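Undergrad: So here's final16.pdb, just PDB, C-alpha atoms:
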```pdb
ATOM      1  CA  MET A   1      13.335 -12.397 -10.879
ATOM      2  CA  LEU A   2      14.372  -9.289  -8.836
ATOM      3  CA  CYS A   3      11.618  -7.245  -7.055
ATOM      4  CA  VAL A   4      12.309  -3.659  -5.883
ATOM      5  CA  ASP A   5      10.980  -1.438  -3.033
ATOM      6  CA  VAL A   6       9.597   2.166  -3.201
ATOM      7  CA  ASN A   7      12.987   3.563  -2.054
ATOM      8  CA  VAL A   8      14.805   2.128  -5.110
ATOM      9  CA  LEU A   9      12.376   3.905  -7.519
ATOM     10  CA  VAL A  10      12.449   7.165  -5.516
ATOM     11  CA  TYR A  11      16.296   7.394  -5.436
ATOM     12  CA  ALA A  12      16.491   6.441  -9.112
ATOM     13  CA  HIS A  13      13.991   9.244 -10.085
ATOM     14  CA  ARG A  14      14.985  12.189  -7.819
ATOM     15  CA  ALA A  15      18.184  13.904  -9.070
ATOM     16  CA  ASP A  16      18.314  16.159  -5.931
ATOM     17  CA  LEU A  17      18.965  13.091  -3.642
ATOM     18  CA  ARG A  18      22.607  12.007  -2.858
ATOM     19  CA  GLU A  19      21.797   8.274  -3.578
ATOM     20  CA  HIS A  20      20.437   9.143  -7.097
ATOM     21  CA  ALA A  21      23.527   8.390  -9.260
ATOM     22  CA  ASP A  22      23.906   4.807  -7.888
ATOM     23  CA  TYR A  23      20.123   4.094  -7.961
ATOM     24  CA  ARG A  24      19.515   5.466 -11.486
ATOM     25  CA  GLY A  25      22.352   3.281 -12.798
ATOM     26  CA  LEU A  26      21.074   0.231 -10.934
ATOM     27  CA  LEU A  27      17.499   0.717 -12.142
ATOM     28  CA  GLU A  28      18.498   1.164 -15.796
ATOM     29  CA  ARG A  29      20.649  -2.004 -15.555
ATOM     30  CA  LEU A  30      17.843  -4.082 -13.883
ATOM     31  CA  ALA A  31      15.229  -2.757 -16.363
ATOM     32  CA  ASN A  32      17.316  -3.686 -19.471
ATOM     33  CA  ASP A  33      18.662  -7.017 -17.979
ATOM     34  CA  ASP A  34      17.659 -10.619 -18.823
ATOM     35  CA  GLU A  35      16.221 -11.263 -15.358
ATOM     36  CA  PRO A  36      12.658  -9.959 -14.997
ATOM     37  CA  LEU A  37      12.355  -6.854 -12.817
ATOM     38  CA  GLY A  38       9.216  -7.464 -10.727
ATOM     39  CA  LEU A  39       7.288  -4.282  -9.883
ATOM     40  CA  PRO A  40       4.473  -4.719  -7.364
ATOM     41  CA  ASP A  41       1.412  -2.507  -7.965
ATOM     42  CA  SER A  42       1.771  -1.353  -4.291
ATOM     43  CA  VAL A  43       5.427  -0.360  -5.039
ATOM     44  CA  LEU A  44       4.443   1.623  -8.173
ATOM     45  CA  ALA A  45       1.571   3.247  -6.242
ATOM     46  CA  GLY A  46       3.957   3.913  -3.245
ATOM     47  CA  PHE A  47       6.547   5.619  -5.495
ATOM     48  CA  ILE A  48       3.859   7.990  -6.906
ATOM     49  CA  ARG A  49       2.553   8.734  -3.404
ATOM     50  CA  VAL A  50       6.079   9.530  -2.061
ATOM     51  CA  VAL A  51       7.470  11.671  -4.983
ATOM     52  CA  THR A  52       4.237  13.744  -5.303
ATOM     53  CA  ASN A  53       3.998  14.164  -1.487
ATOM     54  CA  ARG A  54       4.335  17.703   0.041
ATOM     55  CA  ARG A  55       5.349  16.230   3.444
ATOM     56  CA  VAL A  56       8.308  14.305   1.838
ATOM     57  CA  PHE A  57       9.780  16.865  -0.624
ATOM     58  CA  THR A  58       9.964  20.683  -0.587
ATOM     59  CA  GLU A  59       9.280  20.582  -4.377
ATOM     60  CA  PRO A  60       7.145  17.457  -5.058
ATOM     61  CA  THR A  61       7.271  15.687  -8.435
ATOM     62  CA  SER A  62       4.094  16.406 -10.501
ATOM     63  CA  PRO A  63       1.593  13.479 -10.657
ATOM     64  CA  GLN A  64       1.854  13.793 -14.493
ATOM     65  CA  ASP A  65       5.688  13.392 -14.190
ATOM     66  CA  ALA A  66       5.324  10.554 -11.636
ATOM     67  CA  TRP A  67       2.881   8.622 -13.898
ATOM     68  CA  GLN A  68       5.107   9.112 -17.002
ATOM     69  CA  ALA A  69       8.119   7.692 -15.029
ATOM     70  CA  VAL A  70       6.025   4.630 -14.041
ATOM     71  CA  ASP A  71       4.835   4.256 -17.669
ATOM     72  CA  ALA A  72       8.417   4.407 -19.066
ATOM     73  CA  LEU A  73       9.706   1.835 -16.507
ATOM     74  CA  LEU A  74       6.769  -0.575 -17.242
ATOM     75  CA  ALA A  75       7.747  -0.138 -20.951
ATOM     76  CA  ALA A  76      11.296  -1.517 -20.154
ATOM     77  CA  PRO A  77      12.056  -4.990 -21.629
ATOM     78  CA  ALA A  78      12.734  -6.634 -18.179
ATOM     79  CA  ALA A  79       9.829  -4.907 -16.356
ATOM     80  CA  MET A  80       6.861  -7.040 -15.228
ATOM     81  CA  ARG A  81       4.035  -5.465 -13.179
ATOM     82  CA  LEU A  82       3.003  -7.781 -10.311
ATOM     83  CA  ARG A  83      -0.564  -7.961  -8.872
ATOM     84  CA  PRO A  84      -1.009  -9.868  -5.583
ATOM     85  CA  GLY A  85      -1.330 -13.604  -6.368
ATOM     86  CA  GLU A  86      -3.840 -15.967  -4.775
ATOM     87  CA  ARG A  87      -0.598 -17.071  -2.994
ATOM     88  CA  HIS A  88       0.158 -13.414  -1.983
ATOM     89  CA  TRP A  89      -2.315 -13.373   0.964
ATOM     90  CA  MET A  90      -0.936 -16.659   2.430
ATOM     91  CA  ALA A  91       2.651 -15.483   1.797
ATOM     92  CA  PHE A  92       1.847 -12.157   3.612
ATOM     93  CA  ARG A  93       0.295 -14.060   6.572
ATOM     94  CA  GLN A  94       3.316 -16.418   6.804
ATOM     95  CA  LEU A  95       5.784 -13.488   6.798
ATOM     96  CA  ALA A  96       3.729 -11.582   9.424
ATOM     97  CA  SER A  97       3.499 -14.737  11.608
ATOM     98  CA  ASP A  98       7.260 -15.345  11.269
ATOM     99  CA  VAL A  99       8.133 -11.931  12.906
ATOM    100  CA  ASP A 100       4.974 -11.442  15.103
ATOM    101  CA  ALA A 101       4.573  -8.341  12.856
ATOM    102  CA  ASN A 102       2.999  -5.175  14.378
ATOM    103  CA  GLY A 103       2.463  -1.575  13.147
ATOM    104  CA  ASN A 104       4.594  -0.810  10.037
ATOM    105  CA  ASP A 105       6.065  -4.406  10.020
ATOM    106  CA  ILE A 106       2.662  -5.435   8.523
ATOM    107  CA  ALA A 107       3.233  -2.987   5.599
ATOM    108  CA  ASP A 108       6.726  -4.515   5.081
ATOM    109  CA  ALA A 109       5.294  -8.067   5.261
ATOM    110  CA  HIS A 110       2.702  -7.118   2.621
ATOM    111  CA  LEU A 111       5.467  -5.770   0.266
ATOM    112  CA  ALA A 112       7.753  -8.756   1.104
ATOM    113  CA  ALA A 113       4.950 -11.184   0.098
ATOM    114  CA  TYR A 114       5.322 -10.209  -3.583
ATOM    115  CA  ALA A 115       8.980 -11.434  -3.558
ATOM    116  CA  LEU A 116       8.219 -14.602  -1.517
ATOM    117  CA  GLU A 117       5.277 -15.667  -3.748
ATOM    118  CA  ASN A 118       7.552 -15.347  -6.873
ATOM    119  CA  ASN A 119      10.665 -16.798  -5.084
ATOM    120  CA  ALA A 120      12.228 -13.455  -6.165
ATOM    121  CA  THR A 121      15.088 -11.475  -4.578
ATOM    122  CA  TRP A 122      13.705  -8.435  -2.676
ATOM    123  CA  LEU A 123      15.882  -5.346  -3.033
ATOM    124  CA  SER A 124      15.278  -2.629  -0.452
ATOM    125  CA  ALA A 125      17.280   0.210   1.163
ATOM    126  CA  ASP A 126      15.417  -0.665   4.389
ATOM    127  CA  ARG A 127      17.582  -3.162   6.340
ATOM    128  CA  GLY A 128      14.543  -4.057   8.523
ATOM    129  CA  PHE A 129      13.786  -6.603   5.711
ATOM    130  CA  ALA A 130      16.655  -8.637   7.316
ATOM    131  CA  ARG A 131      13.932  -9.567   9.897
ATOM    132  CA  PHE A 132      12.191 -11.935   7.388
ATOM    133  CA  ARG A 133      14.459 -15.033   7.455
ATOM    134  CA  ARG A 134      12.173 -16.728   4.890
ATOM    135  CA  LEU A 135      12.535 -13.645   2.571
ATOM    136  CA  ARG A 136      15.467 -13.391   0.125
ATOM    137  CA  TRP A 137      16.471  -9.709   0.677
ATOM    138  CA  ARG A 138      19.568  -7.855  -0.581
ATOM    139  CA  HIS A 139      20.720  -4.220  -0.306
ATOM    140  CA  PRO A 140      20.110  -2.711  -3.836
ATOM    141  CA  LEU A 141      23.755  -1.458  -3.987
ATOM    142  CA  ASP A 142      25.100  -4.917  -2.869
TER
ATOM    143  CA  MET B   1     -21.768  -5.107  -2.561
ATOM    144  CA  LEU B   2     -20.480  -2.737   0.177
ATOM    145  CA  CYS B   3     -16.724  -2.138   0.636
ATOM    146  CA  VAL B   4     -15.395  -0.683   3.926
ATOM    147  CA  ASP B   5     -12.267   1.395   4.786
ATOM    148  CA  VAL B   6      -9.662   0.650   7.525
ATOM    149  CA  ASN B   7     -11.242   3.277   9.856
ATOM    150  CA  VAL B   8     -14.560   1.351   9.845
ATOM    151  CA  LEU B   9     -12.732  -1.859  10.989
ATOM    152  CA  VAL B  10     -10.582   0.099  13.484
ATOM    153  CA  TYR B  11     -13.599   1.855  15.118
ATOM    154  CA  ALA B  12     -15.464  -1.483  15.204
ATOM    155  CA  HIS B  13     -12.643  -3.217  17.157
ATOM    156  CA  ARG B  14     -11.344  -0.509  19.554
ATOM    157  CA  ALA B  15     -13.652  -0.384  22.634
ATOM    158  CA  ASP B  16     -11.664   2.665  23.907
ATOM    159  CA  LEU B  17     -12.646   4.811  20.825
ATOM    160  CA  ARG B  18     -15.875   6.957  21.033
ATOM    161  CA  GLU B  19     -17.253   5.738  17.641
ATOM    162  CA  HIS B  20     -16.999   2.067  18.723
ATOM    163  CA  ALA B  21     -20.602   1.196  19.648
ATOM    164  CA  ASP B  22     -21.914   2.633  16.326
ATOM    165  CA  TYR B  23     -19.136   1.040  14.206
ATOM    166  CA  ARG B  24     -19.404  -2.332  15.990
ATOM    167  CA  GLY B  25     -23.154  -2.593  15.283
ATOM    168  CA  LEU B  26     -22.740  -1.488  11.669
ATOM    169  CA  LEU B  27     -19.899  -3.966  11.069
ATOM    170  CA  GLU B  28     -21.884  -6.812  12.630
ATOM    171  CA  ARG B  29     -24.930  -5.849  10.482
ATOM    172  CA  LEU B  30     -22.775  -5.701   7.291
ATOM    173  CA  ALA B  31     -21.021  -9.015   8.085
ATOM    174  CA  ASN B  32     -24.329 -10.954   8.547
ATOM    175  CA  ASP B  33     -26.301  -9.133   5.746
ATOM    176  CA  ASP B  34     -27.098 -10.681   2.301
ATOM    177  CA  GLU B  35     -25.256  -7.942   0.298
ATOM    178  CA  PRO B  36     -21.574  -9.006   0.195
ATOM    179  CA  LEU B  37     -19.198  -7.129   2.530
ATOM    180  CA  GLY B  38     -16.122  -6.592   0.401
ATOM    181  CA  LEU B  39     -12.898  -6.414   2.374
ATOM    182  CA  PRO B  40      -9.821  -5.536   0.295
ATOM    183  CA  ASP B  41      -6.602  -7.360   1.359
ATOM    184  CA  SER B  42      -5.054  -3.824   1.680
ATOM    185  CA  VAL B  43      -7.892  -2.807   4.110
ATOM    186  CA  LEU B  44      -7.437  -6.023   6.192
ATOM    187  CA  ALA B  45      -3.669  -5.441   6.225
ATOM    188  CA  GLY B  46      -4.247  -1.745   7.108
ATOM    189  CA  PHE B  47      -6.502  -2.627  10.068
ATOM    190  CA  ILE B  48      -3.824  -4.940  11.572
ATOM    191  CA  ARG B  49      -1.174  -2.276  10.953
ATOM    192  CA  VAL B  50      -3.194   0.456  12.774
ATOM    193  CA  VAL B  51      -4.558  -1.621  15.747
ATOM    194  CA  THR B  52      -1.105  -3.099  16.562
ATOM    195  CA  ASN B  53       0.691   0.280  16.076
ATOM    196  CA  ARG B  54       2.655   1.688  19.094
ATOM    197  CA  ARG B  55       2.437   5.316  17.814
ATOM    198  CA  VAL B  56      -1.359   5.009  17.238
ATOM    199  CA  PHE B  57      -2.443   3.462  20.569
ATOM    200  CA  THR B  58      -1.039   3.683  24.117
ATOM    201  CA  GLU B  59      -1.775  -0.074  24.457
ATOM    202  CA  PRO B  60      -1.761  -1.607  20.924
ATOM    203  CA  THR B  61      -3.966  -4.583  20.195
ATOM    204  CA  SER B  62      -1.786  -7.748  20.012
ATOM    205  CA  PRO B  63      -1.057  -9.110  16.452
ATOM    206  CA  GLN B  64      -2.453 -12.473  17.690
ATOM    207  CA  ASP B  65      -5.639 -10.607  18.717
ATOM    208  CA  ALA B  66      -5.631  -8.541  15.472
ATOM    209  CA  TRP B  67      -5.346 -11.635  13.214
ATOM    210  CA  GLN B  68      -8.034 -13.528  15.216
ATOM    211  CA  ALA B  69     -10.385 -10.548  14.690
ATOM    212  CA  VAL B  70      -9.579 -10.596  10.926
ATOM    213  CA  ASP B  71     -10.105 -14.401  10.816
ATOM    214  CA  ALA B  72     -13.399 -13.972  12.700
ATOM    215  CA  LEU B  73     -14.612 -11.283  10.239
ATOM    216  CA  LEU B  74     -13.673 -13.512   7.261
ATOM    217  CA  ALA B  75     -15.704 -16.389   8.863
ATOM    218  CA  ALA B  76     -18.879 -14.163   8.763
ATOM    219  CA  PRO B  77     -21.444 -15.131   6.034
ATOM    220  CA  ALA B  78     -21.474 -11.795   4.022
ATOM    221  CA  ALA B  79     -17.728 -11.210   4.229
ATOM    222  CA  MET B  80     -15.673 -11.626   1.030
ATOM    223  CA  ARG B  81     -11.921 -10.887   1.006
ATOM    224  CA  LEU B  82     -11.110  -8.997  -2.225
ATOM    225  CA  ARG B  83      -7.872  -9.224  -4.222
ATOM    226  CA  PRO B  84      -7.266  -6.595  -6.958
ATOM    227  CA  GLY B  85      -8.976  -7.819 -10.182
ATOM    228  CA  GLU B  86      -7.714  -7.495 -13.777
ATOM    229  CA  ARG B  87      -9.311  -3.971 -14.044
ATOM    230  CA  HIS B  88      -8.048  -2.727 -10.627
ATOM    231  CA  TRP B  89      -4.856  -1.065 -11.988
ATOM    232  CA  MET B  90      -6.723   0.881 -14.752
ATOM    233  CA  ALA B  91      -9.504   1.839 -12.277
ATOM    234  CA  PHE B  92      -6.819   3.146  -9.834
ATOM    235  CA  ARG B  93      -5.235   5.177 -12.696
ATOM    236  CA  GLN B  94      -8.657   6.589 -13.741
ATOM    237  CA  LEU B  95      -9.522   7.681 -10.161
ATOM    238  CA  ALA B  96      -6.050   9.282  -9.672
ATOM    239  CA  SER B  97      -6.340  11.019 -13.100
ATOM    240  CA  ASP B  98      -9.883  12.181 -12.233
ATOM    241  CA  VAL B  99      -8.662  14.196  -9.163
ATOM    242  CA  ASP B 100      -5.000  14.949 -10.197
ATOM    243  CA  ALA B 101      -4.127  12.799  -7.127
ATOM    244  CA  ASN B 102      -0.912  13.610  -5.206
ATOM    245  CA  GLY B 103       0.546  12.271  -1.923
ATOM    246  CA  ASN B 104      -2.091  10.411   0.206
ATOM    247  CA  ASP B 105      -4.690  10.905  -2.610
ATOM    248  CA  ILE B 106      -2.794   8.053  -4.366
ATOM    249  CA  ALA B 107      -3.430   5.710  -1.377
ATOM    250  CA  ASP B 108      -7.140   6.714  -1.353
ATOM    251  CA  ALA B 109      -7.382   6.128  -5.135
ATOM    252  CA  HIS B 110      -5.793   2.649  -4.818
ATOM    253  CA  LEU B 111      -8.338   1.698  -2.061
ATOM    254  CA  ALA B 112     -11.287   3.320  -3.954
ATOM    255  CA  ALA B 113     -10.300   1.246  -7.025
ATOM    256  CA  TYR B 114     -11.443  -1.961  -5.223
ATOM    257  CA  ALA B 115     -14.986  -0.462  -5.008
ATOM    258  CA  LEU B 116     -14.988   0.986  -8.574
ATOM    259  CA  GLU B 117     -13.801  -2.323 -10.131
ATOM    260  CA  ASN B 118     -16.534  -4.258  -8.241
ATOM    261  CA  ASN B 119     -19.145  -1.444  -8.829
ATOM    262  CA  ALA B 120     -19.440  -1.489  -4.972
ATOM    263  CA  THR B 121     -20.450   1.280  -2.535
ATOM    264  CA  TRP B 122     -17.346   2.590  -0.715
ATOM    265  CA  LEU B 123     -18.102   3.240   2.964
ATOM    266  CA  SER B 124     -15.563   5.529   4.605
ATOM    267  CA  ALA B 125     -15.599   7.940   7.587
ATOM    268  CA  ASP B 126     -13.457  10.274   5.419
ATOM    269  CA  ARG B 127     -15.695  12.781   3.489
ATOM    270  CA  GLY B 128     -12.810  13.536   1.033
ATOM    271  CA  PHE B 129     -13.915  10.373  -0.910
ATOM    272  CA  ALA B 130     -16.733  12.598  -2.338
ATOM    273  CA  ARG B 131     -13.959  14.098  -4.617
ATOM    274  CA  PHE B 132     -14.039  10.833  -6.654
ATOM    275  CA  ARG B 133     -17.207  11.537  -8.721
ATOM    276  CA  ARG B 134     -16.865   8.086 -10.434
ATOM    277  CA  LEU B 135     -16.892   6.354  -6.974
ATOM    278  CA  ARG B 136     -20.159   5.550  -5.163
ATOM    279  CA  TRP B 137     -19.163   6.653  -1.626
ATOM    280  CA  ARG B 138     -21.359   6.913   1.510
ATOM    281  CA  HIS B 139     -20.417   7.776   5.129
ATOM    282  CA  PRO B 140     -20.714   4.455   7.074
ATOM    283  CA  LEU B 141     -23.165   5.785   9.766
ATOM    284  CA  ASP B 142     -25.495   7.204   6.991
TER
ATOM    285  CA  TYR C   1      15.094   2.024 -21.070
ATOM    286  CA  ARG C   2      16.636   5.216 -19.599
ATOM    287  CA  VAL C   3      15.451   6.936 -16.386
ATOM    288  CA  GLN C   4      14.436  10.535 -17.135
ATOM    289  CA  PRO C   5      15.692  12.238 -13.897
ATOM    290  CA  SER C   6      13.598  14.957 -12.227
ATOM    291  CA  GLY C   7      13.433  17.028  -9.041
ATOM    292  CA  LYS C   8      15.114  19.801  -7.082
ATOM    293  CA  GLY C   9      15.255  21.234  -3.515
ATOM    294  CA  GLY C  10      15.662  17.993  -1.493
ATOM    295  CA  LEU C  11      13.601  16.427   1.374
ATOM    296  CA  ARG C  12      11.487  18.128   4.065
ATOM    297  CA  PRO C  13      13.352  18.179   7.447
ATOM    298  CA  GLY C  14      13.286  14.963   9.530
ATOM    299  CA  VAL C  15      12.222  12.784   6.565
ATOM    300  CA  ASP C  16      14.258   9.639   5.777
ATOM    301  CA  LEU C  17      13.325   7.716   2.557
ATOM    302  CA  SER C  18      15.358   4.664   3.746
ATOM    303  CA  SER C  19      12.834   3.686   6.537
ATOM    304  CA  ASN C  20       9.296   2.711   5.407
ATOM    305  CA  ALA C  21       8.016   3.233   8.983
ATOM    306  CA  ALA C  22       9.475   6.793   9.264
ATOM    307  CA  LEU C  23       8.288   7.779   5.759
ATOM    308  CA  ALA C  24       4.830   6.419   6.620
ATOM    309  CA  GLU C  25       4.767   8.512   9.812
ATOM    310  CA  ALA C  26       5.875  11.677   7.927
ATOM    311  CA  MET C  27       3.232  11.269   5.174
ATOM    312  CA  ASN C  28       0.452  10.426   7.755
TER
END
```
Could you render the structure as structure tokens?
TA:
Amino acid sequence: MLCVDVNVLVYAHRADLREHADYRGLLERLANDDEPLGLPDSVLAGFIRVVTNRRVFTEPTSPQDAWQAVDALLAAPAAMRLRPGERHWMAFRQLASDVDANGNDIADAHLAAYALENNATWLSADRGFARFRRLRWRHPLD
Amino acid sequence: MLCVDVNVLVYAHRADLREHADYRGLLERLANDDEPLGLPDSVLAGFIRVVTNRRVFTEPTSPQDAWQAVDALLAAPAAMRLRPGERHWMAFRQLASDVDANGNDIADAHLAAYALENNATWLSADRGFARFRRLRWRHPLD
Amino acid sequence: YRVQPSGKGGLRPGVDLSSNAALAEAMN
């Protein structure tokens, strides 16, 4: 199973961004592939918060547009929504303990826990994920 | 059941902050009360992220200290950690739809969903929570 | 499944999508 971060969804959706052509192709391929594409609820929620956000974009995506994009992706044959498992809280604590996580590292550990609990690859633009030795993390364009 | 926001935990633990005596008493009263104190995993994670944050505090609480406080709160008789339930995703969508949520509203809706799913009172310092008519929200000091 | 692309006008100044910590600071 491959799990993806907020950045992968944002690049795939926003045409204005330079990274968009690579991300849109990657997302369509992951969504229609045999391997399940794991989508954490926090990732789906994070993508809506970022695209619709006035601080992030001069012209924010409409919430109605953001929700339709989430709905279409969840519709994809590979897509599986992930809700934190009973294992997610222990996995999050183990990841946080591994790096002595502080500030935003805690947010990363919480996102990372979805991949660790599922033994899934975690795809993120952020290379800070390299910090979690236990985590299986790859650059999305790798 | 009463659910509490990150600010309520943060005020309770930071002696330096002005709100601390009031928040510390309320939190201790909630933790030892018969009505369950519902603590979402996202709220517990958020409290560690804020207390240990270098931008937020000139001297951040240590992660070791932050986790021991979380472990202590969990040990309290009222306290129940909450994981999102089967209805959490639909409840989050309903709250976001109710206010046309955009940007940070999405984060508030996701947190508010733990209270709506559990039919719990949401205690938050933020008065913006009044915008969710479906939510039962009260200021914590009230 | 096909992405339906949307958006125009780019990012606000100083915002980098690549870093979760920076994006979090920019949003609040």
Undergrad: Just how far from CA of residue 21 (chain B) is CA of residue 37 (chain B), in Å to one decimal?
TA: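 CA of residue 21 (chain B) lies 19.1 Å from CA of residue 37 (chain B).
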Undergrad: Would you write out chain A as a compact mmCIF listing (two decimals) with C-alpha atoms, in the coordinates of the input, after superposing it on chain B by least squares over all in-order Cα pairs?
TA:
```
# COMPACT_ATOMS: atom_id res chain seq x y z
CA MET A 1 -21.78 -5.25 -2.57
CA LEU A 2 -20.56 -2.84 0.19
CA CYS A 3 -16.76 -2.30 0.62
CA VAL A 4 -15.36 -0.81 3.87
CA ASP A 5 -12.27 1.30 4.76
CA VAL A 6 -9.65 0.71 7.54
CA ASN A 7 -11.43 3.24 9.82
CA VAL A 8 -14.66 1.18 9.86
CA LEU A 9 -12.78 -1.95 11.07
CA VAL A 10 -10.71 0.03 13.61
CA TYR A 11 -13.76 1.73 15.24
CA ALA A 12 -15.67 -1.55 15.24
CA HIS A 13 -12.77 -3.38 17.04
CA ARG A 14 -11.49 -0.78 19.59
CA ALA A 15 -13.86 -0.50 22.60
CA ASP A 16 -11.85 2.49 24.01
CA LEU A 17 -12.87 4.72 20.99
CA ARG A 18 -16.05 6.92 21.20
CA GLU A 19 -17.25 5.77 17.68
CA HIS A 20 -17.04 2.05 18.71
CA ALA A 21 -20.71 1.37 19.65
CA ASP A 22 -22.05 2.62 16.26
CA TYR A 23 -19.26 0.93 14.23
CA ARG A 24 -19.46 -2.46 15.99
CA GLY A 25 -23.22 -2.54 15.36
CA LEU A 26 -22.79 -1.52 11.73
CA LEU A 27 -20.07 -4.10 11.10
CA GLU A 28 -22.04 -6.97 12.66
CA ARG A 29 -25.09 -5.97 10.55
CA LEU A 30 -23.05 -5.73 7.27
CA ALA A 31 -21.23 -9.02 8.02
CA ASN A 32 -24.49 -10.99 8.62
CA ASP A 33 -26.48 -9.21 5.80
CA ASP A 34 -27.50 -10.54 2.36
CA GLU A 35 -25.32 -8.04 0.49
CA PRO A 36 -21.69 -9.17 0.27
CA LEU A 37 -19.31 -7.19 2.49
CA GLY A 38 -16.21 -6.65 0.32
CA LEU A 39 -12.95 -6.57 2.29
CA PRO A 40 -9.89 -5.50 0.30
CA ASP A 41 -6.63 -7.25 1.29
CA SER A 42 -5.09 -3.72 1.68
CA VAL A 43 -7.96 -2.81 4.10
CA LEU A 44 -7.44 -5.99 6.19
CA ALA A 45 -3.67 -5.39 6.17
CA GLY A 46 -4.26 -1.64 7.02
CA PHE A 47 -6.49 -2.51 10.01
CA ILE A 48 -3.77 -4.83 11.45
CA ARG A 49 -1.09 -2.18 10.88
CA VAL A 50 -3.17 0.56 12.63
CA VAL A 51 -4.47 -1.41 15.71
CA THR A 52 -1.03 -2.98 16.44
CA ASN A 53 0.75 0.39 15.91
CA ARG A 54 2.54 2.06 18.90
CA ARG A 55 2.32 5.51 17.22
CA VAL A 56 -1.54 5.23 16.93
CA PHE A 57 -2.56 3.72 20.32
CA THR A 58 -1.06 3.99 23.83
CA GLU A 59 -1.93 0.26 24.30
CA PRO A 60 -1.75 -1.38 20.82
CA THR A 61 -3.85 -4.46 20.00
CA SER A 62 -1.67 -7.64 19.91
CA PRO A 63 -0.92 -8.96 16.36
CA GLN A 64 -2.40 -12.31 17.57
CA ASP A 65 -5.63 -10.43 18.57
CA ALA A 66 -5.61 -8.39 15.33
CA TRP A 67 -5.25 -11.55 13.16
CA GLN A 68 -8.02 -13.40 15.09
CA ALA A 69 -10.39 -10.40 14.51
CA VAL A 70 -9.61 -10.51 10.76
CA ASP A 71 -10.12 -14.31 10.75
CA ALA A 72 -13.52 -14.06 12.52
CA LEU A 73 -14.75 -11.30 10.13
CA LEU A 74 -13.63 -13.31 7.02
CA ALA A 75 -15.60 -16.23 8.58
CA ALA A 76 -18.84 -14.07 8.48
CA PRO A 77 -21.49 -15.22 5.95
CA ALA A 78 -21.49 -11.88 3.98
CA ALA A 79 -17.69 -11.39 4.06
CA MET A 80 -15.73 -11.71 0.79
CA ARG A 81 -11.97 -10.98 0.72
CA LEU A 82 -11.06 -8.91 -2.38
CA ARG A 83 -7.67 -9.12 -4.18
CA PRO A 84 -6.91 -6.41 -6.77
CA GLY A 85 -8.54 -7.41 -10.09
CA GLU A 86 -6.89 -7.12 -13.51
CA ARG A 87 -9.39 -4.19 -13.67
CA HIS A 88 -8.08 -2.80 -10.31
CA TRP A 89 -4.94 -1.18 -11.83
CA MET A 90 -6.95 0.60 -14.59
CA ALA A 91 -9.64 1.59 -12.06
CA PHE A 92 -6.89 3.03 -9.74
CA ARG A 93 -5.33 4.97 -12.68
CA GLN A 94 -8.76 6.36 -13.73
CA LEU A 95 -9.54 7.52 -10.16
CA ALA A 96 -6.07 9.11 -9.77
CA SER A 97 -6.43 10.86 -13.17
CA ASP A 98 -9.92 12.12 -12.25
CA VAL A 99 -8.58 14.11 -9.19
CA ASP A 100 -4.95 14.78 -10.40
CA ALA A 101 -4.12 12.70 -7.27
CA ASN A 102 -0.90 13.55 -5.32
CA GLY A 103 0.63 12.35 -2.01
CA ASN A 104 -1.94 10.47 0.15
CA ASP A 105 -4.70 10.93 -2.55
CA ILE A 106 -2.88 8.09 -4.43
CA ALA A 107 -3.37 5.78 -1.38
CA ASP A 108 -7.10 6.73 -1.34
CA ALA A 109 -7.38 6.14 -5.12
CA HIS A 110 -5.80 2.70 -4.66
CA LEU A 111 -8.36 1.79 -1.91
CA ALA A 112 -11.23 3.39 -3.93
CA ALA A 113 -10.32 1.20 -6.95
CA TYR A 114 -11.56 -1.94 -5.15
CA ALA A 115 -15.09 -0.42 -4.89
CA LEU A 116 -15.07 0.98 -8.47
CA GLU A 117 -13.92 -2.33 -10.05
CA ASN A 118 -16.80 -4.19 -8.25
CA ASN A 119 -19.34 -1.31 -8.78
CA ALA A 120 -19.60 -1.49 -4.95
CA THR A 121 -20.53 1.23 -2.43
CA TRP A 122 -17.39 2.49 -0.61
CA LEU A 123 -17.99 3.22 3.07
CA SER A 124 -15.39 5.41 4.74
CA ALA A 125 -15.23 7.83 7.70
CA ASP A 126 -12.89 9.93 5.52
CA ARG A 127 -15.03 12.51 3.66
CA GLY A 128 -12.11 13.17 1.25
CA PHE A 129 -13.60 10.20 -0.73
CA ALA A 130 -16.25 12.78 -1.84
CA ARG A 131 -13.46 13.93 -4.25
CA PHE A 132 -13.95 10.83 -6.50
CA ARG A 133 -17.13 11.72 -8.46
CA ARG A 134 -16.91 8.36 -10.29
CA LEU A 135 -16.73 6.54 -6.88
CA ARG A 136 -19.94 5.57 -5.03
CA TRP A 137 -18.99 6.65 -1.45
CA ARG A 138 -21.22 6.89 1.65
CA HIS A 139 -20.51 7.77 5.30
CA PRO A 140 -20.65 4.38 7.19
CA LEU A 141 -23.18 5.84 9.72
CA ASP A 142 -25.37 7.28 6.86
```
Undergrad: Using only C-alpha atoms, which chain C residues lie at most 6 Å away from chain A, written as a list in words?
TA: residues 1, 2, 5, 6, 7, 8, 10, 11, 12, 18, 19, 21 and 27 of chain C
Undergrad: Ranking A:26, A:90, A:4, A:116 by minimum distance to chain B and counting all atoms listed in the file, which one comes first?
TA: A:90
Undergrad: Quote the spacing between CA of residue 47 (chain A) and CA of residue 92 (chain B) in Å to one decimal place.
TA: 14.3 Å
Undergrad: Could you jot down the CA of residue 4 (chain C) to CA of residue 19 (chain A) separation for me, Å, one decimal place?
TA: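 One can read the CA of residue 4 (chain C) to CA of residue 19 (chain A) distance as 15.6 Å.
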Undergrad: Tell me which protein, DNA and RNA residues are within 10 Å of residue 91 (chain A), counting all atoms listed in the file, leaving out same-chain ones fewer than 4 positions away, and put them as a PyMOL selection string.
TA: chain A and resi 84-87+95-97+109-110+112-118
